[PDB]
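Below: the structure, in C-alpha cells.
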Amino acid sequence: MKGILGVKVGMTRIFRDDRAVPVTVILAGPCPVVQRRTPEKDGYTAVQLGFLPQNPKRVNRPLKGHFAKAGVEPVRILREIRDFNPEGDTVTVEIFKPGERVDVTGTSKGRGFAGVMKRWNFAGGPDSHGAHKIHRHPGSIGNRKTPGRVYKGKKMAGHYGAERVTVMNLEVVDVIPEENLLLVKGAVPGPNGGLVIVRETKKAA
Amino acid sequence: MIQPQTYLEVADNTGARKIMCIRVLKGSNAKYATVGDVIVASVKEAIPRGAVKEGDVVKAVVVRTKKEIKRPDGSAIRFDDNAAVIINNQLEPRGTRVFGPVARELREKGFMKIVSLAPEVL
Amino acid sequence: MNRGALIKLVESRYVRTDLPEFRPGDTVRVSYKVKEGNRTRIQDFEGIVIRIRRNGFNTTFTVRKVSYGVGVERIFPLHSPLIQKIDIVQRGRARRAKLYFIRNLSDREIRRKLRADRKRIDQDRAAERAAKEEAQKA
Amino acid sequence: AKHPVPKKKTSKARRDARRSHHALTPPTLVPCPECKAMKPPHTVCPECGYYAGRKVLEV
Amino acid sequence: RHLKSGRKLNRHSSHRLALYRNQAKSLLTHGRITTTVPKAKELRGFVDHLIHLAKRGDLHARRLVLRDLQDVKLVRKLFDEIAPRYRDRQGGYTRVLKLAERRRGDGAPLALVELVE
RNA sequence: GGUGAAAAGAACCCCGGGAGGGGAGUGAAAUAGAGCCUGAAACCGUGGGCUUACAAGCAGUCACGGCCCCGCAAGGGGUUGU
RNA sequence: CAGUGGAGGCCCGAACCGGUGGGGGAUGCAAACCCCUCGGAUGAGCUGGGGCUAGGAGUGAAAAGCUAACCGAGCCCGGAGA
RNA sequence: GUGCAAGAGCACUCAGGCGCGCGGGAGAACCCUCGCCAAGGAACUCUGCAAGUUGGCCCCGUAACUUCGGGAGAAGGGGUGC
RNA sequence: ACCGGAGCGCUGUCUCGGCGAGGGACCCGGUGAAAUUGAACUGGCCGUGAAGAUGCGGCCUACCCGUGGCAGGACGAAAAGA
RNA sequence: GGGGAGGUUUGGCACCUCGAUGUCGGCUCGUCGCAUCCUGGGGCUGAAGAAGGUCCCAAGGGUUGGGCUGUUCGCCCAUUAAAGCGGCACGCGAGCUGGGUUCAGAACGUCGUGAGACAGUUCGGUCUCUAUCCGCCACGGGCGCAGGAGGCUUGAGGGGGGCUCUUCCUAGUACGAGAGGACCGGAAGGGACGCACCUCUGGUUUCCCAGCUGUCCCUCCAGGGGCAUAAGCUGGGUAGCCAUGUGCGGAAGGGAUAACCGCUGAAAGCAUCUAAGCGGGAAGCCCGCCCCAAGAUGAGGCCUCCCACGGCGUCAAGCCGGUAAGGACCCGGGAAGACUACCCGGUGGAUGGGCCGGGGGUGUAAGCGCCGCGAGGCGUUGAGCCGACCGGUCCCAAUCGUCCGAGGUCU
C-alpha cells in the first residue's frame, strides 16, 4: 500500500490499445518525504509528503528545514501516507508502473447550497397541473403526530460542494518521469489543477 | 434512447410496416433500448395482403435509431429514424427482405441473420 | 508544470499530420473498420460530412452520407482508428460549418447549394507535378 | 397576519440575544503620507491624498 | 457553481451595455471621473480595451468604437489628441481609485477614473 | 383642565443650518422652563455589586456553601454554586 | 343564368362592452386586482344628462339575485336597560 | 409620419411627455415571469388544464348531410423577398 | 368560450430533468408594521396522565448565541363550530 | 370440536377535542414491523434430475412501465429473480393536487297534495405570500481546552453503502426409457442504484460570430446605432453548468453465529449434534470500504517555534501597557461562497484588468480594384472580430501603513 501526491491536469481519450481511453493526468512530480511516524511516539506508520517548491519569506519559522534534512517546504505544503515506509529520497511518480489500478483522494469542487433535486435527489413534480409553488421542492418530511419530529438526517436541502472524496479502482496506463505525469482512466474528482493524492488500490488485499 | 410509446417502422417483408414500442426484455427496470436491443411491439400499421396483421403483438430488434451510439473507439453512427426488425418468440427474423444500412453492433449481439443480407453494414 | 495545455501538447505523439485538408462541405472516400470475430477489415466510408469540432488533441468530424436505405451520420475521432480515411473532392463555399439544414431537406438542394472553389483544384493541378518539380529542385 | 404567528411572547433577554450577535462594528483608519491626517486604507483624502494627490482644493 | 466564470451585472443586458457606453463617453470627454467601485472596475476594463483600439487608426476600429459610442468630434479628439499620447502605452490607460465618505444616502464604495499620462 | 403669588415667561456669550443645548440671568423654588404642579406602573436605557460558556427548566422553595455591602457584638441584606 | 344592388338579433376583429380556461396575487397595487386566452362585436347593442318605481314594498331573460362593499327582508332612530 | 390586404390593429418613431419618491452590491437554495433542449412523443394527468403546432393576403381544393342559406378558412396543399 | 370517447399533427405534461434570464430572495446604508402573545429557563425515548408531554416519573442528547433554509409538532394562527 | 394471539377490516363504548382535531385517494418524502413477494440457507418430501409442494432462520437490499376507473381495491397489457402484506391521525393540504366529497344554481329519475326533501344520479363551483418556539440540514460569532504561534494528525462515536439478471466452459458428462436435463468451480456481457467527472456524445452561453425584417437616426451612398424582452428573429456556438454522456462503488477476505449440519461423550453398560469440549454453516451480526469527526469539557497525539520583572499582588491567584513566534485590519482576488467562513496573492508581485501570442468560436468582413442596366457577384480572403479560456507582459489597480498578540497556576 504505497502512494504519491499530485495535482490534476488532462482528461481526453487517447487511442491506446485500439480502443478509446478517457485520460486523466496527474503531476505527482517531486513530492517530498520529510518525516516518518513510528508506533510508540505516534500510533501507526505514516509519512509526510510535500509538493511544489516556491517558498521564501512568506513561510519561515519552524520550516522543518529543521526536521533532519531541510530541503525547504514546497508551497502546497504536505500530507500523509499511512502504512507506507519508503526508502528515503523525495518520491517522484514512477512509484506506480503502468498497468496497475489505484485509489485516489481529492477535494470535490464547490456547488454550495443547491436545490434538493440537484443535491441528494428528490423529484419535485407539478410543473403545470398542480401548482407553480412547489416546483423544485421536497414536499414532505416526517409523519403526522407520532413521531411528531423531524427524522435525524432525513435527507434535506443544503450544501453539496466544498467536500472531499476517495475514488477506487482507476487504471493507469502511462507515467512520464520526463516531466512527472500519470495517465489514468478518467474519473478525476475536483477541478483542473488542485489537490489530489494517489494511493494503491484495494481488491483482495 | 428507445422507450415504450414509441412508433417504429419495420424494414422488411414481414407483413407489416410500422410498429409501436412496448416494454423491453432487459432487467425489470431497463426502460431503455438501442442498437441490438430486444423489444416487444404492438403492430399498428401493416400491408393488407401480408402475414403479421394490423394490431399484432410480436417481438423485435433495433437496427437503426435517431440517437446514435458510441463505438468504444469513439466513433458513433446514426440512421435517421426508428427502424427495427420483427423477431419471434424464438429469437428469429421472421421475413427475409432486409432494407438499408444496419449496425454491426447487432453482429456481436447474436443477429447474424441481419448482418448477412444486410446491405451496408455499419 | 503550470501550462496544463503544454502537458496535453506533450501528449502529442498521437497526431495525424498526414491527411487531406477539407472544409465542412463535402469530403467523401474511405475510412477504416473492424468487422468479424478477429477484426481484419477497413470498410470504406465516403460521405458529405457536416461538422468540424476543433479541440487540438481530438478535433472530431461528423460525416453525413445517405445510402441504400436513407441518411446516416458517422462521426470520426480525427486521430487513430481511421487509418488513411482520404476524401474525394472536398468542396465548400459554405457559410456556417454546421450543416443541419441538410438533415431537413436532403435532395437536389444539396447540389443546388454547393460549388467547389475552383482555386482549390487549381492548387491541386499545381501541387500535382510541382511535386515532381519538387522531386527535382532542392 | 398569515400562517406563522408568534406562539407566545418573545422574552426581553432573547431580544438582547438576537441583538447580541447584532451590535455595531468599528471602522479603521490609516496615516497619510505627505500629509497630516487619517484615511480609510488604500484611499485618497481631500485633506491628504495618494501619490501626486489630485483635487485637494478644499477651502 | 454559479459565477464560476466572471462578469458583473445588475441592469438589463441592453441597459448595461448602454451604461458602459455612456461611461466611456462622459469619460473620454473629461478623464477624471467619480463613480461606484464595481462600475469603475468593469468600466476601466471596457474603456481600456476601446482606447487600445484607438491606439490604431484603421477606419475599421474607428467606426467600431464610434459604433459603440456617438459623437463624431469625439472620434476626432480620440484619434488626434487622446490615443496619440497613449501611443507608447500598452495597457490600463485609465486608473480608478477609491475615495472616502461612501455615496451618501445609502453608503457606497466610490472611486475615480483617470487619464493616466 | 391646572407655569408661578406675580411674566419676572430667559437679554448676552458659546457649539449648531436649525433643532436643541452649556453658563449667565429670573425668583422662595427652573428637580416650577412654557400643554410646564404633584410624576405609580408597564416601559426602554446607564453605571455599578453578585452569578453564568459539561448545561434538562411552573423557574422557586429549604438547607449548605462562597462573594460583596451593612452591623459595637450576636444579627442582618444583596447574590447564586450545590 | 348574368350583372346589378347591399339585406341581416350575419361572419373575422379595434375603440366599447363582458368575464370563459389557467397562471399570479391572498395583512395584495387592490374590501375582486393583473398577465395570458377568451365571447359579443348594426343590435335583445352600448354610452353621458335629466326623471321615477322601496322594506313585506319595489326591480327582477328568475338566483330569493339588486336596492348603497355583508339582503331569506336594507339603513337609521325610537319602545328598549325586549 | 413609415410599413403590412387595409385600418382608431401592430413594431419604430413625429410632436408632446415620462423614467413610475429608496437605492447599492453581490450574482445562493428557492420563488415570479421568460428562453433552448438531445433522443422518445401524451407514456403525465382526474383532464393534452397548461404550453406549444397552426398563423396574414392571392391561387388550387373540400365529405357526410342539409331546412339549399350552410356545413367551409372544412381538411389537404401552393406561393409570397429582391 | 357548456360534460364525455377517439384521431392526426404538435409540443418539456411526462421519462427527467440540465444550463440560462432578469426581478425578488441574500450583505452595506435610510424608513420600517402586522396577526399572536399566562410566564418561560421550550432537545429525545419508554411509559403514564381526562387517553396525543421539553413541563410527571423512570430514562435519554448535548458548550453560549445566532444567519440561511425545510416543514413533523407546539392538538400551530384566523372561526365564543356552518 | 377446543385454546391463543395480532389491532390491518368490520363493530360495542363515548373519555382529550363542538370559543374547531380539514374527512377520500394521488404527487412528493419516507421510516420502521416481519406472521418474507424476490434474492441466501437448511430440514422434510407422495424429491431421479429439472423444477415444484411445505416448514424453520434470515429485512441486507430490492419490490418495474402502461389501459380503464376520482377510485386505495381490483381486472387487464407488456414484462421481472420478484411485482410483499402493514403501522405511523388508515403517515404526510401552515408540502402540493382539489379530481372524489356532504354548501347555495340547475336538472335528472324520485318521494312528497305541496314548500322542499332522497348511502339515487349528473354539470358547474375562492387551500388564507413573511416560521416566534421545538425538530431536522447547511453556516458562522463568543468562550473553551488550567503557557503562548503554526503545521501534520489519532479515531471515540456515528453516518452512508451493502442489489442483481442472462450468456457461454466444465458436459449434454450424473441422473434419466426418453423428453428433459445438474451440482463444483470458472468466463463474459446486462439492468436498476450510489459516487464523482467535461475527455468523447449531446443541450446549454443575456451580445462570442453571422444572415434578416419594418424602422428611426448618425450622414445622401455605403456604412453604423438603438427599438422591437426584461437578446426584435433565426442559423450556430469556447469555457464554466450538465445527463443520455463518462470512469468508478457493491466487493474480494477476516471474526463470532442463527436455523440447521457434524465430531469425541456420559449421566442411563447401548444411543445422542451437548449438560464439559471442538468444526462446518447465511445477501444477515462485527470488521474490512467511503465520509464526517478531539465541544472524544476527557478538549487527546506528533513535527517543530518564541519566551521572564516591564508597573501595583513581597509571601496567595490576579491585574495593567507595549512586545517574541505570530495573528489580524484594508486590499487584488478564487472551478470557494446566501453573509460569514475556507483557499491564495499583495511590488522581493503575475492577484484582476489592459496588452501580445496561443487555442477556440464564428465563417472570406469594413474598405479597394473588377463584371451585369440591376439585385448582386469574382477576387483582395479562411479574412475580420473575438465572453469566461493555456500562458507570456508590472502597462494600471494590490500605496502607505494600522492594531491584537507569551512576561510562561499549582501539587
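Restricting attention to region B:61-75, which residues are within 11 Å of chain A (Cβ to nearest Cβ) and out of contact with any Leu (no Cβ under 8 Å at 6 or more places or on another chain)?
B:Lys70, B:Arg71, B:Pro72, B:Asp73, B:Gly74
Looking at B:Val43, B:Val58, can you tell me which residue is more than 20 Å from B:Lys109 (Cα to Cα) and part of a strand (DSSP E or B)?
Answer to the check: B:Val43.
Looking at region D:5-59, which of its residues are among the charged types (D, E, K, R) and loosely packed, with under 10 Cβ neighbours inside 10 Å?
Matches in region D:5-59: D:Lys7, D:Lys8, D:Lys9, D:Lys12, D:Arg18, D:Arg19, D:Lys36, D:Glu58.
Does at least one position in region C:66-76 carry a residue that is more than 28 Å from A:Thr24 (Cα to Cα), of a type outside the set (S, T, N, Q) and either under 13 Å from the mean Cα position of the chain (by Cα) or away from chain B (no Cβ under 13 Å) (or both)? Walk me through it before giving the result.
Start the filter on region C:66-76 by keeping residues that are more than 28 Å from A:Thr24 (Cα to Cα), which leaves C:66-73.
Checking the rest, the ones that are also of a type outside the set (S, T, N, Q) come to C:66, C:68-73.
Now restrict to residues that are either under 13 Å from the mean Cα position of the chain (by Cα) or away from chain B (no Cβ under 13 Å) (or both): none.
No, region C:66-76 contains no residue that is more than 28 Å from A:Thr24 (Cα to Cα), of a type outside the set (S, T, N, Q) and either under 13 Å from the mean Cα position of the chain (by Cα) or away from chain B (no Cβ under 13 Å) (or both).
Across region A:102-146, which residue is nearest to RNA strand H (Cβ to nearest atom) among those that are farther than 16 Å from A:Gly158 by Cα and outside any loop (DSSP other than H, G, I, E, B)?
Of everything passing the filter in region A:102-146, A:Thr107 is nearest to RNA strand H (Cβ to nearest atom).
Read through the list (1) more than 7 Å from RNA strand I (Cβ to nearest atom); (2) of a type in the set (D, E, K, R); (3) more than 14 Å from chain C (Cβ to nearest Cβ), then give the number of the only condition that A:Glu179 fails.
Of everything listed in (1) more than 7 Å from RNA strand I (Cβ to nearest atom); (2) of a type in the set (D, E, K, R); (3) more than 14 Å from chain C (Cβ to nearest Cβ), A:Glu179 misses just condition (3).
Could you look through region A:19-38, keep only residues that are in a loop (DSSP other than H, G, I, E, B) and β-branched (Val, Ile, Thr), and pick out the one that is surrounded by the fewest Cβ atoms within 10 Å (Cβ to Cβ)?
My answer is A:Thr38.
Quick one: how many residues across region C:8-54 are at the interface with another protein chain (Cβ under 10 Å from one of its Cβ atoms) and touching a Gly at 6+ places or on another chain (Cβ under 6 Å)?
Counting residues in region C:8-54 that are at the interface with another protein chain (Cβ under 10 Å from one of its Cβ atoms) and touching a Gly at 6+ places or on another chain (Cβ under 6 Å) gives 1.
Which of (1) over 17 Å from A:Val188 (Cβ atoms); (2) in contact (Cβ under 8 Å) with a residue 40 or more places away in the chain does A:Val59 not meet, given it meets every other one?
Just one mismatch for A:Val59, condition (2).
Would you confirm, using the coordinates I've provided, whether A:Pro56 is surrounded by 15 or more Cβ atoms within 10 Å (Cβ to Cβ) and more than 10 Å from chain C (Cβ to nearest Cβ)?
Considered against the rule, which asks whether it is surrounded by 15 or more Cβ atoms within 10 Å (Cβ to Cβ) and more than 10 Å from chain C (Cβ to nearest Cβ), A:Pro56 comes out as no.
Out of the residues in region B:1-28 that are within 14 Å of RNA strand H (Cβ to nearest atom) and assigned to a loop (DSSP other than H, G, I, E, B), state the one that is nearest to the other protein chains (Cβ to nearest Cβ).
Taking the candidates together, the pick is B:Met1.
Filter region A:114-145 down to residues that are aliphatic (A, V, I, L, M) and more than 22 Å from A:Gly161 (Cβ to Cβ) and give me whichever is farthest from RNA strand G (Cβ to nearest atom).
Restricting to residues being aliphatic (A, V, I, L, M) and more than 22 Å from A:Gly161 (Cβ to Cβ), the top hit is A:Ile141.
Any idea which of (1) out of contact with any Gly (no Cβ under 8 Å at 6 or more places or on another chain); (2) within 14 Å of another protein chain (Cβ to nearest Cβ) is the one C:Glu109 doesn't satisfy?
For C:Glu109, the exception is condition (2).
Every residue, every condition in (1) within 16 Å of RNA strand F (Cβ to nearest atom); (2) within 14 Å of chain E (Cβ to nearest Cβ), yes or no:
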position: D:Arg15; (1), (2): yes, no
position: D:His21; (1), (2): yes, no
position: D:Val30; (1), (2): no, yes
position: D:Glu34; (1), (2): no, no
position: D:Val44; (1), (2): no, yes
position: D:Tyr50; (1), (2): no, yes
position: D:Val56; (1), (2): no, yes
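Does any residue of region B:107-118 turn out to be within 14 Å of chain C (Cβ to nearest Cβ), in contact with an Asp or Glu (Cβ under 7 Å, 6 or more places away or on another chain), closer than 28 Å to C:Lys33 by Cα and in a loop (DSSP other than H, G, I, E, B)?
Narrowing region B:107-118 to residues within 14 Å of chain C (Cβ to nearest Cβ): B:107-110, B:112, B:114-118.
Next, from what is left, pick out any that are in contact with an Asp or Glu (Cβ under 7 Å, 6 or more places away or on another chain): none.
Checking region B:107-118: not a single residue is within 14 Å of chain C (Cβ to nearest Cβ), in contact with an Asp or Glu (Cβ under 7 Å, 6 or more places away or on another chain), closer than 28 Å to C:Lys33 by Cα and in a loop (DSSP other than H, G, I, E, B).
Report every pair of residues separated by at least 6 positions or lying on different chains whose Cβ atoms are under 9 Å apart, first residue within region A:119-144 and away from chain D (no Cβ under 14 Å), second more than 16 Å from RNA strand G (Cβ to nearest atom) and among the hydroxyl-bearing types (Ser, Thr, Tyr).
Taking only residues 6 or more apart or on different chains, the pairs are A:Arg119/A:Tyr160; A:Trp120/A:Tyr160; A:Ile141/A:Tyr151; A:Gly142/A:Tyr151; A:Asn143/A:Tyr151.
Every residue, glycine as well, gets a Cβ built from its backbone with ideal geometry; the counts of neighbours run over all protein chains shown. Bear in mind that the values in this text are calculations on the coordinates, not laboratory data.
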